[PDB]
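Enquirer: So I've got this file, run-v1.txt, and it contains compact mmCIF, N, CA, C and O atoms:
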# COMPACT_ATOMS: atom_id res chain seq x y z
N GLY A 1 9.67 -22.34 25.49
CA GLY A 1 11.06 -22.20 25.85
C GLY A 1 11.37 -20.90 26.57
O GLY A 1 11.21 -19.82 26.01
N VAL A 2 11.81 -21.01 27.82
CA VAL A 2 12.16 -19.86 28.65
C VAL A 2 13.67 -19.85 28.82
O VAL A 2 14.25 -20.83 29.32
N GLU A 3 14.30 -18.76 28.42
CA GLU A 3 15.75 -18.60 28.51
C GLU A 3 16.07 -17.57 29.58
O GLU A 3 15.55 -16.45 29.55
N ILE A 4 16.92 -17.96 30.53
CA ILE A 4 17.23 -17.15 31.70
C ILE A 4 18.66 -16.63 31.55
O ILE A 4 19.61 -17.42 31.51
N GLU A 5 18.80 -15.31 31.48
CA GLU A 5 20.10 -14.65 31.45
C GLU A 5 20.09 -13.59 32.54
O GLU A 5 19.52 -12.50 32.36
N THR A 6 20.72 -13.90 33.67
CA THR A 6 20.54 -13.15 34.90
C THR A 6 21.70 -12.18 35.12
O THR A 6 22.87 -12.58 35.12
N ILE A 7 21.37 -10.90 35.28
CA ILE A 7 22.30 -9.96 35.90
C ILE A 7 22.46 -10.38 37.35
O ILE A 7 21.48 -10.42 38.10
N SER A 8 23.72 -10.64 37.75
CA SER A 8 24.06 -11.55 38.85
C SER A 8 23.37 -11.35 40.20
O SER A 8 22.82 -12.35 40.71
N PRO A 9 23.34 -10.16 40.84
CA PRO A 9 23.14 -10.14 42.29
C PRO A 9 21.73 -10.49 42.73
O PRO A 9 20.76 -10.31 41.99
N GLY A 10 21.64 -11.01 43.95
CA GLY A 10 20.40 -11.52 44.51
C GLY A 10 20.69 -12.40 45.70
O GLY A 10 21.59 -12.08 46.49
N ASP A 11 19.96 -13.50 45.87
CA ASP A 11 20.30 -14.47 46.91
C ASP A 11 20.37 -15.89 46.36
O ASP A 11 21.13 -16.72 46.87
N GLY A 12 19.57 -16.18 45.34
CA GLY A 12 19.61 -17.48 44.70
C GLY A 12 18.89 -18.59 45.43
O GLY A 12 19.04 -19.75 45.05
N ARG A 13 18.13 -18.28 46.48
CA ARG A 13 17.44 -19.31 47.24
C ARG A 13 15.97 -19.02 47.51
O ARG A 13 15.21 -19.98 47.70
N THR A 14 15.53 -17.76 47.52
CA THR A 14 14.14 -17.44 47.82
C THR A 14 13.34 -17.66 46.55
O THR A 14 13.13 -16.75 45.75
N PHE A 15 12.91 -18.86 46.36
CA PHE A 15 12.24 -19.14 45.09
C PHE A 15 10.74 -18.95 45.25
O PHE A 15 10.18 -19.26 46.30
N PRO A 16 10.08 -18.42 44.22
CA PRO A 16 8.62 -18.24 44.29
C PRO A 16 7.90 -19.58 44.26
O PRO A 16 8.24 -20.46 43.47
N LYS A 17 6.91 -19.72 45.13
CA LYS A 17 6.18 -20.98 45.24
C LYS A 17 4.68 -20.75 45.11
O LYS A 17 4.24 -19.64 44.78
N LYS A 18 3.90 -21.80 45.36
CA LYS A 18 2.45 -21.71 45.21
C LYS A 18 1.85 -20.87 46.33
O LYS A 18 2.32 -20.87 47.47
N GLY A 19 0.78 -20.15 45.99
CA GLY A 19 0.12 -19.29 46.95
C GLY A 19 0.91 -18.07 47.35
O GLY A 19 0.61 -17.46 48.37
N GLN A 20 1.92 -17.70 46.56
CA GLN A 20 2.79 -16.58 46.88
C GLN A 20 2.56 -15.45 45.89
O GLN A 20 2.67 -15.66 44.68
N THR A 21 2.25 -14.27 46.41
CA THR A 21 2.08 -13.08 45.59
C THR A 21 3.41 -12.35 45.51
O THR A 21 3.99 -11.99 46.53
N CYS A 22 3.89 -12.14 44.29
CA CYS A 22 5.23 -11.64 44.05
C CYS A 22 5.19 -10.35 43.24
O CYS A 22 4.26 -10.08 42.48
N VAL A 23 6.24 -9.55 43.42
CA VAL A 23 6.34 -8.19 42.90
C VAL A 23 7.52 -8.13 41.94
O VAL A 23 8.64 -8.52 42.30
N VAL A 24 7.27 -7.65 40.72
CA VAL A 24 8.23 -7.71 39.63
C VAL A 24 8.32 -6.34 38.96
O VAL A 24 7.30 -5.74 38.60
N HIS A 25 9.55 -5.84 38.81
CA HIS A 25 9.82 -4.68 37.96
C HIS A 25 10.05 -5.18 36.54
O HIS A 25 11.18 -5.32 36.06
N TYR A 26 8.95 -5.46 35.85
CA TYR A 26 9.07 -5.98 34.50
C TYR A 26 9.27 -4.84 33.51
O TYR A 26 9.02 -3.67 33.80
N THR A 27 9.73 -5.21 32.31
CA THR A 27 9.91 -4.26 31.22
C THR A 27 9.83 -5.03 29.91
O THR A 27 10.65 -5.92 29.66
N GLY A 28 8.85 -4.68 29.07
CA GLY A 28 8.65 -5.38 27.82
C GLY A 28 9.50 -4.82 26.69
O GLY A 28 9.71 -3.62 26.57
N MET A 29 9.99 -5.73 25.85
CA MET A 29 10.85 -5.38 24.73
C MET A 29 10.52 -6.28 23.55
O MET A 29 10.38 -7.50 23.72
N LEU A 30 10.40 -5.69 22.37
CA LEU A 30 10.21 -6.46 21.15
C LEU A 30 11.56 -6.77 20.52
O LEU A 30 12.42 -5.89 20.42
N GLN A 31 11.74 -8.03 20.11
CA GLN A 31 12.90 -8.39 19.31
C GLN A 31 12.83 -7.71 17.96
O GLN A 31 11.82 -7.82 17.25
N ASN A 32 13.93 -7.02 17.60
CA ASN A 32 14.01 -6.13 16.44
C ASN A 32 12.89 -5.09 16.47
O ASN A 32 12.27 -4.78 15.45
N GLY A 33 12.64 -4.55 17.65
CA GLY A 33 11.57 -3.59 17.83
C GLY A 33 11.77 -2.81 19.10
O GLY A 33 12.73 -3.02 19.85
N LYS A 34 10.84 -1.89 19.34
CA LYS A 34 10.90 -1.00 20.48
C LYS A 34 10.23 -1.65 21.69
O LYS A 34 9.90 -2.84 21.68
N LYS A 35 10.04 -0.87 22.75
CA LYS A 35 9.30 -1.35 23.90
C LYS A 35 7.81 -1.39 23.61
O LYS A 35 7.31 -0.77 22.66
N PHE A 36 7.09 -2.13 24.45
CA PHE A 36 5.64 -2.14 24.41
C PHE A 36 5.01 -2.07 25.79
O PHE A 36 3.81 -1.80 25.88
N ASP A 37 5.76 -2.32 26.86
CA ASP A 37 5.20 -2.36 28.20
C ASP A 37 6.33 -2.12 29.19
O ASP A 37 7.47 -2.52 28.95
N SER A 38 6.00 -1.47 30.31
CA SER A 38 6.99 -1.14 31.32
C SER A 38 6.29 -0.85 32.64
O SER A 38 5.39 -0.01 32.70
N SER A 39 6.72 -1.54 33.70
CA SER A 39 6.32 -1.18 35.05
C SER A 39 7.05 0.05 35.57
O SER A 39 6.61 0.64 36.56
N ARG A 40 8.15 0.44 34.92
CA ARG A 40 8.91 1.61 35.33
C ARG A 40 8.14 2.90 35.06
O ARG A 40 8.38 3.91 35.73
N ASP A 41 7.23 2.88 34.09
CA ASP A 41 6.48 4.08 33.76
C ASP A 41 5.38 4.34 34.77
O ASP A 41 5.28 5.44 35.33
N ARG A 42 4.54 3.33 35.04
CA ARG A 42 3.46 3.50 35.99
C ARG A 42 3.95 3.50 37.43
O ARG A 42 3.26 4.03 38.30
N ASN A 43 5.11 2.88 37.68
CA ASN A 43 5.80 2.82 38.98
C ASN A 43 4.98 2.14 40.07
O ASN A 43 5.26 2.31 41.26
N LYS A 44 3.97 1.37 39.69
CA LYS A 44 3.28 0.47 40.61
C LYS A 44 3.67 -0.94 40.21
O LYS A 44 3.15 -1.46 39.21
N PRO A 45 4.57 -1.60 40.94
CA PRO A 45 5.28 -2.75 40.35
C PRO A 45 4.51 -4.07 40.35
O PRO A 45 5.13 -5.11 40.60
N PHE A 46 3.21 -4.03 40.04
CA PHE A 46 2.43 -5.16 39.51
C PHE A 46 2.45 -6.37 40.46
O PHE A 46 3.11 -7.38 40.22
N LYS A 47 1.78 -6.20 41.59
CA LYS A 47 1.61 -7.30 42.53
C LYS A 47 0.74 -8.39 41.93
O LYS A 47 -0.44 -8.17 41.65
N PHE A 48 1.32 -9.57 41.71
CA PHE A 48 0.60 -10.70 41.14
C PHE A 48 1.02 -11.97 41.86
O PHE A 48 2.11 -12.05 42.44
N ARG A 49 0.18 -12.99 41.76
CA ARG A 49 0.38 -14.26 42.44
C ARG A 49 0.81 -15.32 41.44
O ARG A 49 0.94 -15.08 40.24
N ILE A 50 1.02 -16.53 41.96
CA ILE A 50 1.57 -17.65 41.21
C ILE A 50 0.59 -18.80 41.27
O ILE A 50 0.12 -19.17 42.36
N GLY A 51 0.27 -19.37 40.11
CA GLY A 51 -0.53 -20.58 40.03
C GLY A 51 -1.95 -20.40 39.54
O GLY A 51 -2.75 -21.34 39.68
N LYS A 52 -2.29 -19.25 38.98
CA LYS A 52 -3.65 -18.98 38.52
C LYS A 52 -3.72 -18.69 37.03
O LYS A 52 -4.80 -18.35 36.53
N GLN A 53 -2.59 -18.81 36.31
CA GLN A 53 -2.46 -18.52 34.88
C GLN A 53 -2.91 -17.10 34.54
O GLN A 53 -3.55 -16.85 33.52
N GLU A 54 -2.58 -16.16 35.43
CA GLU A 54 -2.87 -14.75 35.17
C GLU A 54 -2.01 -14.23 34.03
O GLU A 54 -2.52 -13.72 33.03
N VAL A 55 -0.70 -14.37 34.17
CA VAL A 55 0.27 -13.94 33.16
C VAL A 55 0.40 -15.00 32.08
O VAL A 55 -0.14 -16.10 32.20
N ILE A 56 1.11 -14.65 31.01
CA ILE A 56 1.41 -15.56 29.91
C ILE A 56 2.33 -16.68 30.38
O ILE A 56 2.97 -16.58 31.44
N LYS A 57 2.44 -17.74 29.58
CA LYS A 57 3.17 -18.94 29.99
C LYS A 57 4.67 -18.72 30.00
O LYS A 57 5.37 -19.32 30.83
N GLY A 58 5.19 -17.89 29.10
CA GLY A 58 6.62 -17.62 29.08
C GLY A 58 7.07 -16.81 30.28
O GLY A 58 8.18 -17.01 30.78
N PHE A 59 6.23 -15.90 30.76
CA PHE A 59 6.53 -15.14 31.96
C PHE A 59 6.20 -15.92 33.23
O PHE A 59 6.79 -15.65 34.28
N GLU A 60 5.29 -16.89 33.15
CA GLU A 60 4.92 -17.68 34.31
C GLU A 60 6.06 -18.61 34.74
O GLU A 60 6.38 -18.70 35.93
N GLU A 61 6.67 -19.30 33.77
CA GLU A 61 7.75 -20.22 34.10
C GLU A 61 9.02 -19.47 34.47
O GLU A 61 9.78 -19.91 35.34
N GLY A 62 9.26 -18.32 33.83
CA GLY A 62 10.41 -17.51 34.17
C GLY A 62 10.32 -16.84 35.52
O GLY A 62 11.35 -16.47 36.10
N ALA A 63 9.10 -16.67 36.04
CA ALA A 63 8.93 -16.09 37.37
C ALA A 63 9.40 -17.05 38.45
O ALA A 63 10.06 -16.64 39.41
N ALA A 64 9.08 -18.34 38.31
CA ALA A 64 9.48 -19.32 39.30
C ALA A 64 10.96 -19.66 39.24
O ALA A 64 11.52 -20.15 40.23
N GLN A 65 11.62 -19.40 38.11
CA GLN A 65 13.02 -19.74 37.92
C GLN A 65 13.96 -18.61 38.33
O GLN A 65 15.10 -18.56 37.86
N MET A 66 13.51 -17.71 39.20
CA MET A 66 14.34 -16.63 39.72
C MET A 66 14.31 -16.67 41.24
O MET A 66 13.70 -17.54 41.86
N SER A 67 14.98 -15.69 41.85
CA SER A 67 15.00 -15.54 43.29
C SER A 67 15.00 -14.06 43.63
O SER A 67 14.99 -13.20 42.74
N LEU A 68 14.99 -13.76 44.93
CA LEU A 68 14.87 -12.38 45.39
C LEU A 68 16.12 -11.57 45.08
O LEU A 68 17.24 -11.98 45.39
N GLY A 69 15.92 -10.41 44.45
CA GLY A 69 17.01 -9.54 44.08
C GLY A 69 17.57 -9.77 42.70
O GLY A 69 18.26 -8.89 42.17
N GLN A 70 17.28 -10.92 42.08
CA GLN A 70 17.85 -11.25 40.79
C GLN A 70 17.23 -10.40 39.69
O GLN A 70 16.13 -9.87 39.81
N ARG A 71 17.97 -10.28 38.59
CA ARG A 71 17.57 -9.47 37.44
C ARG A 71 17.86 -10.30 36.19
O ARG A 71 18.98 -10.30 35.68
N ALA A 72 16.85 -11.02 35.71
CA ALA A 72 17.04 -11.90 34.58
C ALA A 72 16.72 -11.17 33.28
O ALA A 72 16.53 -9.95 33.25
N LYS A 73 16.67 -11.91 32.18
CA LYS A 73 16.33 -11.36 30.88
C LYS A 73 15.61 -12.45 30.10
O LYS A 73 16.24 -13.40 29.62
N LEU A 74 14.29 -12.32 29.98
CA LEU A 74 13.49 -13.38 29.39
C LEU A 74 13.58 -13.35 27.87
O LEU A 74 13.84 -12.32 27.24
N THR A 75 13.34 -14.52 27.28
CA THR A 75 13.21 -14.68 25.83
C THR A 75 12.03 -15.61 25.61
O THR A 75 12.18 -16.84 25.65
N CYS A 76 10.85 -15.03 25.40
CA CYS A 76 9.62 -15.81 25.33
C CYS A 76 9.34 -16.23 23.89
O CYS A 76 9.40 -15.42 22.97
N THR A 77 9.05 -17.52 23.72
CA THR A 77 8.71 -18.05 22.41
C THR A 77 7.33 -17.54 21.99
O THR A 77 6.52 -17.16 22.84
N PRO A 78 7.06 -17.47 20.68
CA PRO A 78 5.74 -17.00 20.24
C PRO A 78 4.60 -17.93 20.61
O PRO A 78 3.49 -17.45 20.89
N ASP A 79 4.83 -19.25 20.65
CA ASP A 79 3.74 -20.20 20.83
C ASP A 79 3.15 -20.19 22.24
O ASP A 79 2.03 -20.67 22.43
N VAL A 80 3.88 -19.66 23.22
CA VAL A 80 3.38 -19.68 24.59
C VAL A 80 2.59 -18.43 24.94
O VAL A 80 1.81 -18.46 25.91
N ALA A 81 2.76 -17.33 24.21
CA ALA A 81 2.06 -16.10 24.57
C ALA A 81 1.10 -15.61 23.49
O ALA A 81 -0.11 -15.56 23.74
N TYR A 82 1.59 -15.25 22.30
CA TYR A 82 0.71 -14.58 21.34
C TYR A 82 0.98 -14.92 19.88
O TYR A 82 0.35 -14.30 19.01
N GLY A 83 1.88 -15.86 19.56
CA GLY A 83 2.37 -15.99 18.19
C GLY A 83 1.33 -16.46 17.19
O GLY A 83 1.43 -16.14 16.00
N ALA A 84 0.33 -17.20 17.65
CA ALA A 84 -0.79 -17.53 16.77
C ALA A 84 -1.77 -16.37 16.69
O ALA A 84 -2.17 -15.95 15.60
N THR A 85 -2.17 -15.83 17.84
CA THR A 85 -3.20 -14.80 17.87
C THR A 85 -2.62 -13.41 17.60
O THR A 85 -2.98 -12.76 16.61
N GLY A 86 -1.73 -12.95 18.47
CA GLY A 86 -1.29 -11.57 18.42
C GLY A 86 -2.22 -10.67 19.20
O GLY A 86 -3.43 -10.66 18.94
N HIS A 87 -1.69 -9.92 20.16
CA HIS A 87 -2.54 -9.04 20.94
C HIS A 87 -2.92 -7.82 20.10
O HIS A 87 -2.02 -7.16 19.56
N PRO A 88 -4.21 -7.50 19.99
CA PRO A 88 -4.68 -6.61 18.91
C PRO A 88 -4.18 -5.18 19.04
O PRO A 88 -4.44 -4.50 20.03
N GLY A 89 -3.44 -4.74 18.03
CA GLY A 89 -2.84 -3.42 18.00
C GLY A 89 -1.51 -3.31 18.70
O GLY A 89 -0.74 -2.39 18.38
N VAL A 90 -1.20 -4.20 19.63
CA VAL A 90 -0.01 -4.10 20.45
C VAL A 90 1.02 -5.16 20.08
O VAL A 90 2.22 -4.87 20.01
N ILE A 91 0.58 -6.39 19.83
CA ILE A 91 1.47 -7.50 19.51
C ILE A 91 1.04 -8.08 18.16
O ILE A 91 -0.10 -8.53 18.03
N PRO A 92 1.90 -8.10 17.15
CA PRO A 92 1.56 -8.78 15.91
C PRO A 92 1.66 -10.28 16.10
O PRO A 92 2.31 -10.75 17.05
N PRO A 93 1.00 -11.07 15.25
CA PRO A 93 1.19 -12.52 15.29
C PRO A 93 2.60 -12.90 14.90
O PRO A 93 3.28 -12.19 14.15
N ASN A 94 3.04 -14.04 15.45
CA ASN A 94 4.40 -14.59 15.30
C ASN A 94 5.45 -13.58 15.78
O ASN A 94 6.26 -13.07 15.01
N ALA A 95 5.41 -13.30 17.07
CA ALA A 95 6.32 -12.36 17.70
C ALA A 95 7.06 -13.03 18.85
O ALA A 95 6.45 -13.72 19.67
N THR A 96 8.37 -12.82 18.91
CA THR A 96 9.22 -13.35 19.97
C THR A 96 9.53 -12.24 20.96
O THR A 96 10.00 -11.16 20.56
N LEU A 97 9.28 -12.50 22.24
CA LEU A 97 9.23 -11.45 23.24
C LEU A 97 10.48 -11.44 24.11
O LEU A 97 11.06 -12.49 24.40
N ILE A 98 10.90 -10.24 24.51
CA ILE A 98 12.05 -10.02 25.37
C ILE A 98 11.58 -9.24 26.59
O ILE A 98 10.84 -8.26 26.46
N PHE A 99 12.00 -9.67 27.78
CA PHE A 99 11.58 -9.02 29.01
C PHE A 99 12.77 -8.76 29.92
O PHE A 99 13.59 -9.65 30.15
N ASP A 100 12.86 -7.53 30.43
CA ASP A 100 13.74 -7.23 31.56
C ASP A 100 12.93 -7.42 32.83
O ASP A 100 11.97 -6.68 33.08
N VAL A 101 13.33 -8.40 33.64
CA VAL A 101 12.57 -8.82 34.81
C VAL A 101 13.49 -8.78 36.02
O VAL A 101 14.55 -9.41 36.02
N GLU A 102 13.09 -8.02 37.04
CA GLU A 102 13.76 -8.04 38.33
C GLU A 102 12.76 -8.48 39.39
O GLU A 102 11.65 -7.96 39.46
N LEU A 103 13.17 -9.44 40.22
CA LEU A 103 12.29 -10.04 41.23
C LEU A 103 12.63 -9.42 42.59
O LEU A 103 13.52 -9.88 43.29
N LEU A 104 11.89 -8.37 42.94
CA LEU A 104 11.94 -7.77 44.28
C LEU A 104 10.55 -7.95 44.86
O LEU A 104 9.71 -7.05 44.79
N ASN A 105 10.32 -9.11 45.46
CA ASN A 105 8.97 -9.58 45.74
C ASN A 105 8.67 -9.63 47.23
O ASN A 105 9.48 -9.22 48.07
N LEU A 106 7.49 -10.13 47.54
CA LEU A 106 7.07 -10.49 48.89
C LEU A 106 6.60 -11.94 48.88
O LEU A 106 6.54 -12.59 47.83
N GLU A 107 6.27 -12.43 50.08
CA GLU A 107 5.78 -13.80 50.33
C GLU A 107 6.72 -14.89 49.80
O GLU A 107 6.55 -15.38 48.69
Give the structure from this file in structure tokens form.

Expert:
Amino acid sequence: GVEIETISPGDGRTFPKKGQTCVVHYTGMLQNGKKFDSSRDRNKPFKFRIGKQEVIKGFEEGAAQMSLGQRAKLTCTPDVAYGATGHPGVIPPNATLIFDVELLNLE
């Protein structure tokens, strides 16, 4: 389950498609918890493509459901990313993820 809560401005039409490498100012947030990841710190805004299952499933579907300039707010279910396993030391098992995602991309 991907929940989209968009801070309004953007264009609403440049949708990410297959074979397109897109650029995201992501920011990780734990529900009832602190941050765990941020592209704002490293300031290299994570050039990644679409259709290769590089990222987790909750962030993969939320990437295609945005457009250029938009600033959404993801709510990733545990079963699509880490809720059974848990990323070791960083993500506990059964964790619901929150992301600040802005799509300022290319292609």

Enquirer: DSSP on the backbone, then: every residue of chain A marked strand (DSSP E or B), written as a PyMOL selection string.

Expert: chain A and resi 7+21-30+35-38+47-49+71-76+97-103

Enquirer: Kindly indicate which residue among A:88, A:4, A:52, A:63 lies nearest to residue 24 of chain A, using only C-alpha atoms for the distances.

Expert: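 Among A:88, A:4, A:52, A:63, it is A:63 that comes nearest to residue 24 of chain A.
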
Enquirer: Please provide as an MDAnalysis selection string all residues within 8 Å of segment 15-18 of chain A, with the sequence filter that same-chain residues fewer than 6 positions apart are discarded (counting all atoms listed in the file).

Expert: chainID A and resid 49:51 60 63:68 106:107

Enquirer: Could you please determine the separation between atom CA of residue 33 of chain A and atom CA of residue 70 of chain A in Å, to one decimal place?

Expert: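 One can read the atom CA of residue 33 of chain A to atom CA of residue 70 of chain A distance as 25.0 Å.
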
Enquirer: Any idea what the distance is between atom CA of residue 92 of chain A and atom CA of residue 29 of chain A?

Expert: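 Going from atom CA of residue 92 of chain A over to atom CA of residue 29 of chain A covers 13.3 Å.
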